[PDB]
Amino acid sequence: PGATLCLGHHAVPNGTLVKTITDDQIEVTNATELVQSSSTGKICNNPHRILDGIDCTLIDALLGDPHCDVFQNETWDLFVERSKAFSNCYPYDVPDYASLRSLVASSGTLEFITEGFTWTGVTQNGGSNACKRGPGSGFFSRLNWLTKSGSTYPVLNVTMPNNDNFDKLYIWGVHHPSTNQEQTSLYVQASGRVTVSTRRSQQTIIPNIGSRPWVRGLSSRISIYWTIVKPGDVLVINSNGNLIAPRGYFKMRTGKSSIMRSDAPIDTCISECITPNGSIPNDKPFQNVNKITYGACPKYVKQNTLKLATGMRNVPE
């Protein structure tokens, strides 16, 4: 005499719990994870140019520590610094190390152009057994340790104009001897002075004599400074002792390059997103691996999981 027609919907035996506005936990038929929380453990070498520093920090490759001179004229998208890196040259410090490391990393290149500086009246190419280059004593490849010639150290006053159309980065330094005898024996003057200037900026450094802890045999130090010369401006170096002179400039670029600290191995794979833990997929909108990232990356969140329902409420009974 009749029939029954019933409307219904599907269900599954075990669904997924999700959160809503009203519920901490409600079961739906299906959900997808929005938080990337795993890594392969490896940094993929494509599509970004990875430069593995191995034993070298970026600043040591910049200055030209001999065991780092393999990195001369290198470029990178991401420079990777390893925790095993070590210095093996003259002991030094960089006031505002972090800023110098940052602007070089952001520039993305160690392109160095040698310039013809004339150091009238001083001995050039000073070296040290703390910084061996081959069997013999040596120095940073990009710096020029100037000392007295014969028995005088004249007032150096040299200039170098920037007629190019890019910015020039000059890295230079000041020597801090540990005794007065060393000071006079190198720079026949009791108090040195280094003044490096352009048209709109200037720096004057006065060395400091005194003992510091021994590093690689030495209780003296070198201090690293930098100067940028824009197109049309002039560089002027004026010193009456203790100058660690530049041999040229590094070419400044702007772009998407940076630097990262990581001990993760580099592998041959593809991954747009890099973290210090390794590369991660960027298909999910959020990630929990590391707040430090490079590339096109999911946004970092504190949650280790976030399930987005892709199905209806699961009512198996």
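Throughout, we count residues from 1 along the sequence that is shown.
- Stretches compared: 40-48, 273-281. Higher mean C-alpha B-factor in the entry: 40-48.
- Higher average CA B factor: 161-169, of the stretches 75-83 and 161-169.
- Looking at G126, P246, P95, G192, the one whose CA carries the top B-factor in the deposited record is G192.
- When the Cα B-factors of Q202, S223, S102, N144 are read from the PDB record, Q202 comes out highest.
- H67: CA B factor in the middle third of modelled residues in this chain (values from the PDB entry).
- In the PDB entry, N288 places in the lowest third of its chain by CA B-factor.
- For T268, the recorded CA B-factor ranks within the highest third of the chain. Only modelled residues enter the ranking.
- Among the modelled residues of the chain, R261 sits in the lowest third by CA temperature factor in this PDB entry.
- Among all modelled residues in its chain, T32 ranks in the middle third by Cα B-factor.
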